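1. What follows is a protein structure lacking sequence information:
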Ligand code: BCL
Ligand code: BCL
Ligand SMILES: COC(C)(C)C/C=C/C(C)=C/C=C/C(C=O)=C/C=C/C(C)=C/C=C/C=C(C)/C=C/C=C(\C)CC/C=C(C)/C=C/C=C(\C)C(=O)O
Ligand SMILES: COC(C)(C)C/C=C/C(C)=C/C=C/C(C=O)=C/C=C/C(C)=C/C=C/C=C(C)/C=C/C=C(\C)CC/C=C(C)/C=C/C=C(\C)C(=O)O
Ligand SMILES: COC(C)(C)C/C=C/C(C)=C/C=C/C(C=O)=C/C=C/C(C)=C/C=C/C=C(C)/C=C/C=C(\C)CC/C=C(C)/C=C/C=C(\C)C(=O)O
Ligand SMILES: COC(C)(C)C/C=C/C(C)=C/C=C/C(C=O)=C/C=C/C(C)=C/C=C/C=C(C)/C=C/C=C(\C)CC/C=C(C)/C=C/C=C(\C)C(=O)O
Ligand SMILES: COC(C)(C)C/C=C/C(C)=C/C=C/C(C=O)=C/C=C/C(C)=C/C=C/C=C(C)/C=C/C=C(\C)CC/C=C(C)/C=C/C=C(\C)C(=O)O
Ligand SMILES: COC(C)(C)C/C=C/C(C)=C/C=C/C(C=O)=C/C=C/C(C)=C/C=C/C=C(C)/C=C/C=C(\C)CC/C=C(C)/C=C/C=C(\C)C(=O)O
Ligand SMILES: COC(C)(C)C/C=C/C(C)=C/C=C/C(C=O)=C/C=C/C(C)=C/C=C/C=C(C)/C=C/C=C(\C)CC/C=C(C)/C=C/C=C(\C)C(=O)O
Ligand SMILES: COC(C)(C)C/C=C/C(C)=C/C=C/C(C=O)=C/C=C/C(C)=C/C=C/C=C(C)/C=C/C=C(\C)CC/C=C(C)/C=C/C=C(\C)C(=O)O
Ligand SMILES: COC(C)(C)C/C=C/C(C)=C/C=C/C(C=O)=C/C=C/C(C)=C/C=C/C=C(C)/C=C/C=C(\C)CC/C=C(C)/C=C/C=C(\C)C(=O)O
Ligand SMILES: COC(C)(C)C/C=C/C(C)=C/C=C/C(C=O)=C/C=C/C(C)=C/C=C/C=C(C)/C=C/C=C(\C)CC\C=C(C)/C=C/C=C(/C)C(=O)O
Ligand SMILES: CCCCCCCCCCCCO[C@@H]1O[C@H](CO)[C@@H](O[C@H]2O[C@H](CO)[C@@H](O)[C@H](O)[C@H]2O)[C@H](O)[C@H]1O
C-alpha cells in the first residue's frame, strides 16, 4: 500500500497536500461564515455599541 | 481481470480517478444543494 | 519527521515561513479590526 | 541556533533589518497619530 | 561590536549618515513648525 | 519491462478493489443519512 | 526518482499518523461548532 | 533530456498547476459570495 | 543540496521549539483579547 | 551556470519576490483604510 | 562565505543584546504612551 | 568587471540611491505641508 | 576597505560623536519643552 | 516512430480526446439546465 | 584615462556643477522677489 | 488505426489541434457574449423564462 | 504522462502557456470591468441586490 | 533553484521588471481615470463622500 | 553586489536614468494638468482655497472658436 | 567617486548633459511663457498683486 | 455662451472625437457599444445610506 509513494518526492507531496488543504480550508471557512452568519452578528453587536 | 492494469502507471490511474471523483462530487453537490435547499433554509434561519 | 527537511535550504524555509506569517497576520488583523470595531471607537473618542 | 547566520553577510542582515524597522515604524507612527489624534489637538491648541 | 565596520570605508558611511541626518532634521523641523505654531505667530506680530 | 508487473499488479488490484468497496459503503451510508434527513423522491 | 521501499514505508507511517491527527482535531472542531450553531 | 529529468520536472509542473488551480478556486468562491453571476 | 541529515535534525529541533513558543505567546494574546472583547 | 550558482540566485530571487509581495500587501492595507473598494 | 563559527557566535550574542535593549526601550515607550492616552 | 569593482561600485550606488531617494522624501513632506492630497 | 584596528578606532570615534549629538539634541529638546510643550 | 510507441501515443491521444468530449458534454448539460437554446 | 586624470576632471566638474546650481538658485531668488509662485 | 501518425507528425498535429480548439472556443464564447439572450455577464442571474427571446413572426 | 516533455520542449511550452494565461486573465478582467454589473471600481461597494442586472 | 538552469535569470528578470512596470502603470492609470479613485482631485474626500 | 556581475552598470545606469526621467516628467505633467495642483497658475492659493473633487470629464466646453490669443 | 569617469567617457557625458539641460531650460521657459500668470513678455510689468491667479 | 454649466456624467460623451456621431454611431447599432457611449450616473456612499 506504501508502494504508491515509491518513486515520488516527499517535498512535492507535502507541497501539493498543503495547497489542497489551505484552499479547502479557505473555501469551507467562507461557506461556514455564510451559513452560520457568525462575524455578521458579532460585528453588529460590537458596532451598535 | 487484473491484466487490464498491465502496461500503465498506477499514478496516472489514481490521478485520473481523483479528477473524475472530484469533478463529479462538485457537480452532484451543487445538484443536491439545489434539490434539497439546505444551505438556503438554514442560512435564512440564522440570518433572520 | 526531520527527514522532510533534507535537501532544502534553511534560509528559503525561513523566508517562506516569514512570508506566510506576515500575510496571514495582516489578513487576520484586518479581520479582527472589522469584527471588534477597534480602533474605530477609540479614534472616535479621541477625535470628537 | 546561531548556525542560521552561517553563509550570510552581516551587513545585508543589518540593512534588511533596518529597512524592516524603518517601514514598520513609519506605518505604526501614522496609525498611532490617527488613533490618538495628538498632533491635531496640539496644533489646534497652538494655532488658534 | 566594532567589527561591523570591517570592509566598508568610512567616507561612504559618513556621507550616508549625513544624508540621513539632513533629511531627518529637515522633515522634523517642518513637523515642529506645524505643531508649535512658530514662526507664524512671531511673523504675524512683525508683519502687523 | 514497465510498471506494475504481474505480482504487484495483482496486489494493486487487491488494494484498488478494497478502496472502491470502502468508498461505496461510506457513500451508501451518506445517502442513507441524507434520505432520512430529506428524501428526494 | 527517490523514495525507496524503506523510506516509502516510513513516510507512509508518518503520513498515516498525521492524517489521523488532523482527522481527530477536525472532529473536535466540528463537535464544538455543532453545539455552538448546528447547521441542520 | 533523460526520462529522469522529465519526471522530475513533471512533478514540479503538476504541483504548480494544482496550486494555481486551487488559488483560482478560492478566488472564484470569494467572487461568488460577493456578487453571484448565475 | 544543503541540510544533510544531521543538520536537518538539528534544524527540526529548533523549528519545533520556535513553533511552540510562537503558539504559546499567541495563546496568551488570544486570552487577553477574549477578556477584552469576546467573539461569538 | 552551475547548481550552486542556481541555488544562490534562487535565494535572493525568492526573498526579493516575497518581500515585494509583503510591501504590496501593506500598500493595499493602507489603501483599504483610506478608501475601501468593496 | 563569511561569519565563521567564532564570528557567528559573537554576532549572535551582540544581536541578542541589541534586540533585548530595543524591546526594553520600546516597552518603556509604550508604557509612557499608555499613561498619556490609553488606546483601549 | 571583477568582484572588488562590483563591491566598490555598489557602495557608491547605494549611498547615491539613498540620498536621492529621500531627498525626494523631503520634497514630498514639503508638498504635503503646502497642499495635502489625502 | 577597513581593517580590525581601523574598525575599532572608527567605532570609538563614531560612538563619541553619537553621544555628543544625543546630548546636544537632549538640551535642545529641553529648551523647546520649556518654551512650548507639545503634549 | 515505432509501432509500439505509436500504440502508446494512440492510447493516450484517444483517451485525451475522449475525456475532452465528455467534459464538454457535461458543460453543455449544465448550460442547458441553466438556459436552454431550443 | 588614468586615475589622476579622472581625479582632475572630477574636481573641475564638481566645481562647475555646484557653481551652476548656486547661480540658478540666485536666479530663482530674484524671480521670487519679482513674482512668487507659492 | 494508429498508422495515421506515420503520415502526420504528432507534434505538429497536437499544436494545430490546440490552436484550432482555442480559437473555436474563444469565437463561440464571444458570439454568445455579443448576443442578447446569452450575455451572461449582465443577465446571467435571470431565469430561463426571463431571458430575452428574439423577435417572432 | 511525463513523456509529453520529451515531445515538447518544456521551455517553449511554459513560455507559451504563461503568455496565453496572462492574455486570457487580462481579457477576462477587462470584460468584467467594462460591464455594468461588475465594474467593481465604481460600484464594488454595492451589495448583490443593488448591483445592475441585464434587462428581462 | 534548478529552474534557473532551464531559464536565463537575466532574461527572466528583465521580462519580469518590464511586465510589472507596465502592469503598475496600467492599474494606476485606470484608477486615475475613474471617478471614485481620481486621487489627485478626490484624495482629500472621506470614504462616505467619495463617488459611487 | 553580484547584481552588477549579471548586469553591466554602464547599460543599467542609462536605462535607470531614462526611466526616472520619464516618470518624473509624467508626474509633473499630470500634476500640471490637474485643477488642484496646477501650481504655475494657482500655486499662491492656500490649502483651503485649492480646488477639491473636480474630476468632471466635461469640466470645460468642448466646442468654441479660438480666442484672440 | 572620480572613478566614474573611467566607466563613462567625460566627453559623451558632457555633451549629453548639455543637451538635456538646454532642452529642459527651453521647455520650462516655454511653459512659463504659455501660462497666464508668467507670460512675462506681455504682462511682466504688472506687480505681484496684479498678476493673474488661478480660480479658487 | 457667457457662462458654462457642467453637465451630468450621464449626458457626457466618453469619446472626444468630433466626427464620431456621423462616421461610426450613424452606422453602429450594437446595444452594448451604444451603452458605452456615455459615462454612468454616480452618487455618494452617504447618499446611498452606506
Ligand atoms: C483587534 C485585534 C487586536 C490584536 C490582537 C492580536 C492577537 C489575538 C494576536 C495578535 C498578534 C500579534 N499582533 Mg496584534 N492586535 C491588535 C493590534 C496590534 C498592533 C497595533 C499597533 O495596532 C500591533 C503592532 C500588533 C502586533 C502584533 C504582533 C506582535 C503579533 C503577530 C506576529 C506577526 O506579526 O507575525 C507576522 C510577522 C511579521 C514580521 C509581520 C510584518 C507585517 C508588517 C506590517 C510589514 C511591514 C513591511 C514593510 C516595512 C512595509 C513598508 C510599507 C511602506 C508603504 C513602504 N497588534 C489589536 C488591538 N494580535 C498575534 C500574536 O502572535 O500575538 C502574540 C496574535 O495571536
Ligand atoms: C453562455 C456561455 C456559458 C459557458 C458555456 C460553455 C460551454 C457549453 C462549454 C464551455 C467551455 C469552456 N468554458 Mg465557457 N461558458 C461560460 C463562461 C465562461 C467563463 C467566464 C469568464 O464566464 C470562462 C473563463 C469559461 C471558460 C471555459 C473553458 C474552461 C472551456 C473551454 C476549454 C478550451 O478552450 O479548451 C481548449 C483546449 C484544451 C486542451 C483545454 C481543455 C481543458 C478541459 C477543461 C479539460 C480536459 C480534460 C482532459 C481529459 C485532460 C485530463 C488530464 C488528467 C486528469 C491527468 N467559460 C458561460 C456561462 N463554456 C467548453 C468546455 O470544454 O467545457 C469543458 C464547453 O463545452
Ligand atoms: C447528478 O448528475 C447528473 C448528470 C444530473 C445525473 C447523472 C449521473 C451519472 C451518470 C453518474 C455516474 C456516476 C458514476 C459512473 O458510473 C460513478 C462511478 C464511480 C466509481 C466507479 C467510483 C470509484 C471509486 C474508486 C475509489 C475511490 C478507489 C480507491 C482506491 C484506493 C484508495 C486504493 C489505491 C491504492 C493502491 C492501489 C495501493 C497501491 C499499490 C501498488 C501500486 C502496488 O501494490 O504495486
Ligand atoms: C462547500 O461546497 C462544496 C465545496 C461543494 C462542498 C463539497 C466538499 C467536498 C466534496 C470536500 C471534500 C473534501 C475532502 C475529500 O476529497 C477532504 C480530504 C482531506 C484529506 C485527504 C486530508 C488529509 C490530510 C493529511 C495530513 C494533514 C497529513 C499530514 C502528514 C504529516 C504532517 C506528516 C508527514 C510526514 C513527514 C513530512 C515525514 C515523513 C518521513 C519521511 C519523509 C522519511 O522518513 O524519509
Ligand atoms: C469571456 O469569456 C471568455 C474569456 C471568452 C471565455 C474563455 C474561454 C477560454 C478559451 C478559456 C480557456 C481556458 C483554459 C484552457 O484552455 C485555461 C487553461 C488553464 C491552464 C492549463 C492553467 C495551467 C497553469 C499552470 C501553471 C501556472 C503551472 C506552473 C508551473 C510551475 C509553477 C512549476 C514550475 C517549476 C519548475 C519548472 C521548477 C522545476 C524545474 C526542474 C525540475 C528542471 O528545470 O529540471
Ligand atoms: C483593473 O485591473 C486589471 C488590470 C484589469 C486587473 C489585472 C489583472 C491581472 C492579470 C493581474 C496580474 C497579476 C500578476 C500576474 O501574474 C502578478 C504577478 C506578480 C509577480 C510574479 C511578481 C513578482 C515579483 C518579483 C520580484 C519583484 C523579484 C525581485 C527579485 C529580487 C530583488 C532579487 C534580485 C536578484 C539578485 C540580488 C541576484 C544577485 C546576483 C547573484 C546572486 C548572482 O549573480 O549569482
Ligand atoms: C497597523 O495595523 C497593522 C499593520 C495590521 C498592525 C501591525 C501588525 C503586525 C503584524 C505587526 C508586526 C510586528 C512585528 C512582527 O513580529 C515586529 C517585529 C519586530 C522585531 C523582530 C524587532 C527586532 C529588532 C531587533 C534589533 C533592533 C536588533 C539589533 C541588533 C544589533 C544592532 C546588534 C548588532 C550586532 C553587531 C554589530 C555584531 C557585529 C559582529 C560582526 C559583524 C562579526 O562578528 O563579524
Ligand atoms: C501619477 O501616478 C503614476 C505615475 C501614473 C503612477 C506610477 C507609479 C509607478 C509605476 C512608480 C514607479 C516607481 C519606481 C519603480 O518602478 C521607482 C523606483 C525608484 C528608484 C529605484 C530610484 C533609484 C534611484 C537611484 C539613483 C538616483 C542612484 C544614483 C547613484 C549614484 C549617484 C552613484 C553613481 C556613481 C558611482 C557609482 C561612482 C562610483 C564608481 C565606481 C567606484 C567605479 O565605476 O568603479
Ligand atoms: C514626524 O513624523 C514621523 C517622521 C513619522 C515621526 C517618526 C520619526 C522616527 C521614527 C524617527 C527615527 C529617528 C531615529 C532612529 O530610528 C534617528 C536616529 C539617529 C541616529 C542614529 C543618529 C546618529 C548620529 C551619529 C553621529 C552624528 C555621529 C557622528 C560621528 C562623528 C562626527 C565622528 C566622525 C569622525 C570619525 C569617525 C573619525 C574617522 C576616523 C577614521 C577614518 C580612522 O581613524 O580610521
Ligand atoms: C457559431 O457556430 C460556429 C462556431 C460557427 C459553428 C462551428 C462550426 C465548426 C467548424 C465546428 C467544428 C467542430 C469540431 C470539428 O471540426 C471540433 C473538433 C473537436 C476535436 C476533434 C477535439 C479533440 C480534442 C483532443 C484533445 C484535447 C486531445 C488531447 C490529448 C492528450 C492530452 C494526450 C497527449 C499525451 C501525450 C502526447 C503523451 C504521450 C507522449 C509520448 C508517447 C511521447 O512524446 O513520447
Ligand atoms: C513643469 O516643468 C516640468 C519640466 C514638467 C517640471 C519637471 C522638472 C524636472 C523633472 C527636472 C529635472 C531636473 C534635473 C534632473 O535631475 C536637473 C539636473 C541638473 C543637473 C545635474 C545639472 C548639472 C550641471 C552641471 C554642469 C553645468 C557642470 C559643468 C562642469 C564644467 C563646466 C566643468 C567642465 C570643464 C572642464 C572639466 C575643463 C577642464 C578639463 C580637463 C580637466 C581635462 O580635459 O583634462
Ligand atoms: C478571513 O478569515 C479566514 C482567513 C478565512 C480565517 C482563517 C482560517 C484559516 C484556515 C487559518 C489558518 C491558520 C493556520 C493554518 O494552519 C496557521 C498556521 C500557523 C502556523 C503553522 C504557525 C507556525 C509558526 C512557526 C514558527 C514561528 C516557528 C519558528 C521557528 C524558529 C524561530 C526556529 C528556527 C530558528 C533558527 C535559528 C533556525 C536554525 C537553523 C539552522 C540551520 C540550525 O540551527 O542548524
Ligand atoms: C521614545 C519613543 C516615544 C516615547 C514616548 C511616546 C509617548 C509619549 C508620551 C507622552 C507623555 C506626555 O505626558 C503628558 O504630559 C502632558 C504635558 O502637557 C500632561 O498634560 C497635563 O498638562 C497639560 C498642560 O499643562 C494639561 O493641558 C493637561 O490636561 C494635563 O494632563 C499629560 O497629562 C501627560 O500625560
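-> Yep, that arrived. Numbering: from 1, shown residues only, chains lettered A, B, ... in the order given. Ligands and ions are numbered 1, 2, ... in the order given.
2. residues near the one residue in chain F that gets nearest to chain D, how many?
-> Closest residue of chain F to chain D, Cβ to the nearest Cβ: residue F:3 (41.4 Å). Quick note: C-beta positions are derived from backbone N, CA and C, even for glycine. Per other Cβ atoms under 10 Å in any protein chain shown, the neighbour tally for residue F:3 reads 17.
3. Can you name the residues that contact it?
-> Shown in contact with residue F:3 (Cβ atoms under 8 Å, 6 or more residues apart in numbering or on different chains): B:7-10.
4. switch the cut-off to 10 Å
-> The neighbours of residue F:3, taking Cβ atoms under 10 Å, 6 or more residues apart in numbering or on different chains as the test, are A:7, B:5-13, F:9, F:12.
5. For it, grab phi and psi.
-> Dihedral angles of residue F:3 (phi, psi; degrees, to the nearest 10) stand at phi -90, psi 160.
6. cool, and residue U:13?
-> According to degrees, to the nearest 10, residue U:13 has phi -80, psi 140.
7. With residue U:36 as the reference, measure out to it.
-> Computed as Cβ to Cβ, to the nearest Å, the residue U:13 to residue U:36 distance reads 11 Å.
8. Then residue F:41?
-> 50 Å.
9. How many neighbouring residues does residue A:13 have?
-> By the criterion of other Cβ under 10 Å, residue A:13 has 17 neighbours.
10. give me the element it is part of.
-> For residue A:13, the host element (DSSP states H and E) is helix A:10-36.
11. Show me which positions of that helix end up buried.
-> Going by neighbour count (16 or more other Cβ atoms under 10 Å in any protein chain shown), the buried part of helix A:10-36 is A:10-13, A:15-16, A:19, A:23, A:26-27, A:35-36.
12. following it, which helix or strand comes up?
-> Next element after helix A:10-36 (DSSP H and E): helix A:38-47.
13. For chain C, tell me whether that next one is touching it.
-> Yes: Helix A:38-47 is in contact with chain C by Cβ under 10 Å from any Cβ of the partner chain, via A:38-40, A:42-43, A:45-47.
14. So which residues on chain A come close to chain C?
-> By Cβ under 10 Å from any Cβ, the residues of chain A that approach chain C are A:9-11, A:13-14, A:22, A:38-40, A:42-43, A:45-49.
15. Kindly confirm my reading that residue F:18 is in a helix.
-> Yes: per DSSP: H, G, I helix; E, B strand; the rest coil, residue F:18 lies within a helix segment.
16. and it, what is it in contact with?
-> residue A:1.
17. what do you get for residue F:39?
-> residue B:36.
18. any idea how far ligand 3 is from it?
-> According to Cβ to the nearest ligand atom, to the nearest Å, residue F:39 stands 17 Å off from ligand 3.
19. Could you measure from that residue over to residue B:42?
-> Residue F:39 is 18 Å from residue B:42, by Cβ to Cβ.
20. Work out which residue lies at the spatial centre of chain U.
-> With distances taken as Cα atoms, centre = their mean, residue U:38 lies nearest the centre of chain U, 2.1 Å away.
21. which one is the closest residue to chain L within chain A nearest to, not counting chain neighbours?
-> Nearest residue of chain A to chain L (Cβ to the nearest Cβ) works out as residue A:47 at 24.8 Å. Nearest non-adjacent residue to residue A:47, counting by Cβ to Cβ, 6 or more residues apart in numbering or on different chains: residue C:37, 5.2 Å away.
22. which residues sit in contact with that neighbour?
-> Applying Cβ under 10 Å, 6+ apart, we find residue C:37 in contact with A:42-43, A:45-49, C:44, I:37.
23. What of residue F:10?
-> Applying Cβ under 10 Å, 6+ apart, the residues near residue F:10 are B:1-3, B:5, F:4.
24. Figure out the helix or strand that it lives in.
-> Secondary structure assignment for residue F:10, by DSSP H and E: helix F:6-37.
25. Report whether that helix contacts ligand 4.
-> No: applying Cβ under 6 Å from any ligand atom, one finds helix F:6-37 separated from ligand 4 by no less than 10.7 Å.
26. That helix: which residues count as buried?
-> F:9, F:12-13, F:16.
27. which of these sit farthest apart?
-> F:9 and F:16 (10.1 Å; Cβ to Cβ).
28. can you list residues touching both of those two?
-> B:2, B:5, B:10.
29. so which of these comes closest to chain I?
-> For those, the nearest to chain I is residue B:10 (27.9 Å; Cβ to the nearest Cβ).
30. got a list of what that closest one touches?
-> Residues in contact with residue B:10 (Cβ under 10 Å, 6+ apart) are A:3-4, A:6-7, F:3-4, F:8-9, F:12, F:15-16.
31. thinking again about what came up before, distance check, the residue nearest to the centre of chain U against residue M:30.
-> The gap separating residue U:38 from residue M:30 is 64 Å, by Cβ to Cβ.
32. just to revisit the earlier point, quick one: the residue nearest to residue A:47 from residue S:2, how far?
-> Distance, residue C:37 to residue S:2, using Cβ to Cβ: 49 Å.
33. One more: residue P:24?
-> For residue P:24 relative to residue S:2 (Cβ to Cβ), the value is 48 Å.
34. Please say which of those two ends up with more neighbours.
-> Set residue P:24 next to residue S:2 and count neighbours by other Cβ under 10 Å: residue S:2 wins out with 14 against 10.
35. wait, what's in contact with the more buried one?
-> Residues near residue S:2 by Cβ under 10 Å, 6+ apart: J:5, J:8-9, J:12, L:3, L:6-7, L:10.
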